[PDB]
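Novice: would you be able to build a 3D model of this:
(11 chains)
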Amino acid sequence: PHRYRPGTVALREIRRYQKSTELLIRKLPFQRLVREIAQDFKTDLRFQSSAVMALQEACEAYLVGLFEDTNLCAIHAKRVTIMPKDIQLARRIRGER
Amino acid sequence: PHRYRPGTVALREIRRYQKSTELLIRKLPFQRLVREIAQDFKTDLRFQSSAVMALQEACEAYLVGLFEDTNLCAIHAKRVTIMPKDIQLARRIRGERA
Amino acid sequence: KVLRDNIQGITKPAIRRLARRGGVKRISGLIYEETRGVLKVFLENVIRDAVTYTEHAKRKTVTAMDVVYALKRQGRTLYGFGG
Amino acid sequence: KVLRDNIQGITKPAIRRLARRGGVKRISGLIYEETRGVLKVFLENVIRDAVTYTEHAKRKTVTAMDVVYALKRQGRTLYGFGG
Amino acid sequence: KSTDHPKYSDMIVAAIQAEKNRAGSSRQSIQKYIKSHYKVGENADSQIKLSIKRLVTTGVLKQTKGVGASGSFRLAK
Amino acid sequence: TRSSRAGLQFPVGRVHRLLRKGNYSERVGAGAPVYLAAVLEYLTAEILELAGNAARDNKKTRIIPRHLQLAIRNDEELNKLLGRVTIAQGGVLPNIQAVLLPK
Amino acid sequence: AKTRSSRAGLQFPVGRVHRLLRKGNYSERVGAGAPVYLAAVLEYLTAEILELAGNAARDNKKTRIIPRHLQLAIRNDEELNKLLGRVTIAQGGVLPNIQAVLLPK
Amino acid sequence: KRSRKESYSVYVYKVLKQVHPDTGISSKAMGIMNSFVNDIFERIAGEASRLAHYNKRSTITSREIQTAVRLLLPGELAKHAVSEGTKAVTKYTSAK
Amino acid sequence: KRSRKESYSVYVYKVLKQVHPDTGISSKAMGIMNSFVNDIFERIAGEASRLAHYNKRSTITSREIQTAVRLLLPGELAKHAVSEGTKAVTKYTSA
DNA sequence: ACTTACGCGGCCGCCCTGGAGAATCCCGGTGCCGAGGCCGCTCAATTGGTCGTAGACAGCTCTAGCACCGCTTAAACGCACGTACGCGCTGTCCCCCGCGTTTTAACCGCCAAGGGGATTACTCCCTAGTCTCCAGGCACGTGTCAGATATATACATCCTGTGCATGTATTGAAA
DNA sequence: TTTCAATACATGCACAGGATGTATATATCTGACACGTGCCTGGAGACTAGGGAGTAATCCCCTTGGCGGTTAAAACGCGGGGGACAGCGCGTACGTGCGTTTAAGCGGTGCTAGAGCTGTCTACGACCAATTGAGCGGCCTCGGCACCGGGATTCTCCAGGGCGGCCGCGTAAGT
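Specialist: Residues are numbered from 1 along each chain as shown, chains lettered A, B, ... in the order given. This is the structure:
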């Protein structure tokens, strides 16, 4: 057969995802999660697709920023693989706690 | 004589400075620095002591926060002594630096 | 009725693609659960305010204006909707 | 007249006491110069706005209200001066 | 003296005998001594590890390291 | 006075005048300042309770800004409400790192 | 000349801006010269942003402007990035950046 | 000559004496309290005006103030504040 | 019939045609431009009102707007904006 | 009859040539989105009056600001050495990569009706004005909490003395 | 004169004890800022006219929530092997700690005049209104652009064959 070293397809996929702007998280699970969380405040409520799209975009942007900060912290920590401690330090320095 | 290990007086002085609220930076050098920086925008200007005190307090608070963040980064970096790279990373994560 | 067994929607490949987009080469283990939790937290931090706006609008359907206002109050202005 | 040889006012013991208050045990070397520079930067970032307020007040003496407004616009509200 | 190039094992034995310590001659110091007292190249210097391994397997060099960490080596007499 | 009719200590007429003068709205009601002054008095009483507790714990008869800083930085609600606010003549909290202790 | 936009030589309306300033509950007495400065600055900034967007569109071999071009022009320029530092752009993405320590050697 | 200025010290003194009968205050703490009262004033007024402009109305009543208080404050403190407004308002309504 | 709504598309189209005669725009970009115009509106209006309240005045003139523009913008862009206001205002004053 | 002339012998490290799959450069025929034409009706335009906020001149006296003499204390020059930072090197187990297999996503077709949205009457609640008085505007003097401090006092930490397990030499016990 | 263990003995290691330089209230005293009192006043309070914003009842059809048949790409479970994560001996040089000597931070005193701050005159510019009308906004439309898809192409990354450094593999000539 043909064996590949770790990191060959990873860089290609990273360069791939840095060119398109389509959504990665599916709409139905996110909508069901939003409907579940909305029941914790008030029952019998209705939502629209625009609000779901806005929430999904905001969550994706925040997660991308957090992952970028975590990768920066992991690179500064003389390592490559990210760890939850890097995410904790990132959210501690950001002030969100 | 009597020799002391590194870190004996440091902790005591740290606990000392964490109890008083007096100023550490002198007023005359800070005032002269403010007067120097003010000449870069417009000449012939006058200032008061309240503005100098406010600037000194704000600068001390910002420096204390930056040093705390730098110490946290240095502790996370499996080290003890802080480095300028920790300050750079702190200001990068804060968003103040490009 | 409170719903459960829905936080597991954010599966492993979703977080893997998110890390690929963010620039991460390898992932650990507890991150999946932790990130998911934080996500839910942020979701609440928005949805609560949204519901409050709904209660201030005397309606039963959460429009997009309430979500836009809730996101703009948190210091994260999001365009592309134009009102 | 532009003044010089005044940035060296922030001496070594001052930054040492600041690091002791912040919780630092040992300091390096380039930090002194770097921190000093950043300090001057922030000073400008305030003083400029202060001078602008003075130019909007048609006066020659920078009062405390201008500095309070300049510090509050930057998102760093400082109390203790009630004005 | 330093005429023709002797065997790597002999050079390592000489470098060990040249240094004196209570814990033993560290391998890095031995490599530096061989690099400074011989005309060997980079690939020839890379043979020091395998030559030390062969000498330890034979029994000429005793190892007093910490759980196999390439600490130090001594000459058994 | 309306402050005696509502049972509060903060003035109502002054707050109503400030709300009508501050260029907020042309038509202002006569019941909103009651809610406003009540919430203000509640928050002020809570802050003063915390400050007095700190002063009694510090063996001091009067309240200093250090007590306010301690009460704000030790409590969760006041720290979350005043997260972007700097207190003059307050200082920091006495905290020592765990990895810096001798062993 | 009947409209003030033609008298001032601008494209943005002056009467609408004046009405919005007088109805937004900002001040009881509003001047008649401030909307001129306002509309002029608005038109200047809009023209600069449109110039940058058109440059990006011509560089991307596209005839029309998409939010991706706006995101690129904002994140590549220093002034627009400093002005819009706390703003998130929908359907924009991130900048193509690869870490240096992740490259093979 | 002189100019007349306003302050909020008598009310703070009355509240402190109602809470702690044997407790004083300084001048810097009084300035801090005045600045905090002014900050709360501006924040609540801006929130009320923003809600009034969003709801397309032109009258700031009680429900808008209650909503602004419940939005600016986290949760429990908001609820308590609501009660502090409600009871006193009822006492006012039974008066006049 | 439909309720009447307002927008800022004709002016953006005229500016784009004055700059790039062969360049179009979509709907999402138009919404982004409208949101940006509304944001600048609110920011400048709030700055002007805050300056008017600080200066103890009750009239928003030209100097307050110029000061707000110079304060909100960094430097060079502010200066350019000032010029863009000044020239057009002079042309208005001579009209 | 055994050691060094090296005869050859066989096993690890560095290079460039070599193949296959993924990224990259050109039409093809179709579609729905940017863009031009059209026509309706409310907000921008023209101009007279009356009014009160802003431009401008003048008298105070106050706080911004310049020269001076000692005084202890913070800043500064410089000997020593120990522990933290940094480079080198070994092992093992974990998350990278390819493959059999099953389930739930988007587009779609269609049936209901709810609370989103436009129309109107009439009314209780807010604005405007004259009159009028007591809460709160600030000068003043004094007096009680705590600033500065000298003499004992109990506690924290570096230095130094003391109990204990293993490899190996020498006089005794054994070949 | 040699075969084997005790033990006799000198190294790193765990625990109790001692000296000295620094944190910590404890009676005192003196000085200024906390706090109760007094007098003038302009902002707070009571009674009455007005109208249009605000509360509520009614009707229309736009659009969010339900569901059913259907194709398949993404979701899910197991294998094995290269190298990344983690523990460890060690080298020297860079920081603290405490020496000592010069300097500029800090405090009391005196004098001055620039411009912040208060009071006054009034006129240019702004608020409000009746009548006009043309620039701005909503529904049809079709057409020139890009979205989707089959095929050839040059770029970039992983794995394989040949050679040099010499060591024992073992023979002939030197001491």
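
Novice: from now on I want contacts and neighbour counts done on CA atoms only, so please keep to that.
Specialist: Will do.

Novice: name the residues that touch stretch H:66-82?
Specialist: Contact with stretch H:66-82 is made by C:49, C:52, C:56, F:35, F:38, F:39, F:42, F:81, H:44, H:47, H:48, H:51, as judged by CA atoms under 8 Å, 6 or more residues apart in numbering or on different chains.

Novice: same check on stretch F:95-103?
Specialist: Contacts to stretch F:95-103, defined as CA under 8 Å, 6+ apart, come from residues residue D:23.

Novice: in it, what counts as buried?
Specialist: Judged by neighbour count using 16 or more other CA atoms under 10 Å in any protein chain shown, stretch F:95-103 contains no buried positions.

Novice: please apply the same query to stretch C:64-77.
Specialist: Neighbour-count burial for stretch C:64-77, with 16+ other CA under 10 Å as criterion, is recorded at C:64, C:65, C:66, C:67, C:68, C:69, C:70, C:71, C:76, C:77.

Novice: hmm, it touching chain H?
Specialist: No. Against chain H, stretch C:64-77 shows no contacts by CA under 8 Å from any CA of the partner chain, the least distance being 9.6 Å.

Novice: is that stretch positioned near chain F?
Specialist: No. Between stretch C:64-77 and chain F, judged by CA under 8 Å from any CA, nothing touches; the nearest distance is 13.2 Å.

Novice: is chain B contacted by that stretch?
Specialist: No. Stretch C:64-77 lies apart from chain B when judged by CA under 8 Å from any CA; the minimum separation is 13.7 Å.

Novice: ok, that stretch near chain I or not?
Specialist: No. If you take CA under 8 Å from any CA as the test, stretch C:64-77 misses chain I, and the best it gets is 9.7 Å.

Novice: contacts for that stretch, please.
Specialist: Applying CA under 8 Å, 6+ apart, the set of residues contacting stretch C:64-77 from outside is A:48, A:50-51, A:54-55, C:46-47, C:49-50, C:53-54, C:78, C:83, G:86-88.

Novice: in helices, which of these appear?
Specialist: With helices taken from DSSP state H, the overlap with those comprises A:50, A:51, A:54, A:55, C:46, C:47, C:49, C:50, C:53, C:54.

Novice: for chain C, which segments count as strands?
Specialist: C:61-62, C:77-78 (DSSP state E).

Novice: whoops, I mixed them up, chain E
Specialist: Here chain E has its strands, by DSSP E, at E:25-26, E:61-63, E:72-75.

Novice: okay, now the sheet partners of the longest one, with direction.
Specialist: What that stands for is strand E:72-75. Paired strands of strand E:72-75, with direction, are strand E:25-26 (antiparallel), strand E:61-63 (antiparallel) (DSSP bridges).

Novice: tabulate the ones you listed (TSV), appending mean neighbour count and distance to residue A:31.
Specialist: Below are the strands paired with strand E:72-75 laid out as TSV (neighbours: other CA atoms under 10 Å in any protein chain shown; distance: least, CA to CA, whole Å):
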stretch	mean neighbour count	distance to residue A:31
strand E:25-26	18	65
strand E:61-63	19	66
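
Novice: got a markdown table for these, with distance to residue H:17 too?
Specialist: Output for those, formatted as a markdown table (distance: least, CA to CA, whole Å):
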| stretch | distance to residue H:17 |
| --- | --- |
| strand E:25-26 | 77 |
| strand E:61-63 | 81 |
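
Novice: nearest to residue D:9, out of these?
Specialist: Of all the strands paired with strand E:72-75, the one in closest proximity to residue D:9, counting by CA to CA, is strand E:25-26 (49.6 Å).

Novice: does DNA strand K have contacts with that closest one?
Specialist: Yes. Using CA under 7 Å from any atom of the strand, we find that strand E:25-26 touches DNA strand K at residue E:26.

Novice: how far away is residue A:21 from residue C:2?
Specialist: Going from residue A:21 to residue C:2 by CA to CA, to the nearest Å gives 34 Å.

Novice: let me fix that: residue A:18
Specialist: Distance from residue A:18 to residue C:2, by CA to CA: 38 Å.

Novice: give me the residue at the spatial middle of chain E.
Specialist: By CA atoms, centre = their mean, chain E has its centre lying nearest to residue E:12, at 3.3 Å.

Novice: what's the nearest residue to it if we skip its chain neighbours?
Specialist: Distances taken as CA to CA, 6 or more residues apart in numbering or on different chains put residue E:30 closest to residue E:12, at 7.0 Å, once the chain neighbours are dropped.

Novice: I'm done for today, thanks for sticking with me.
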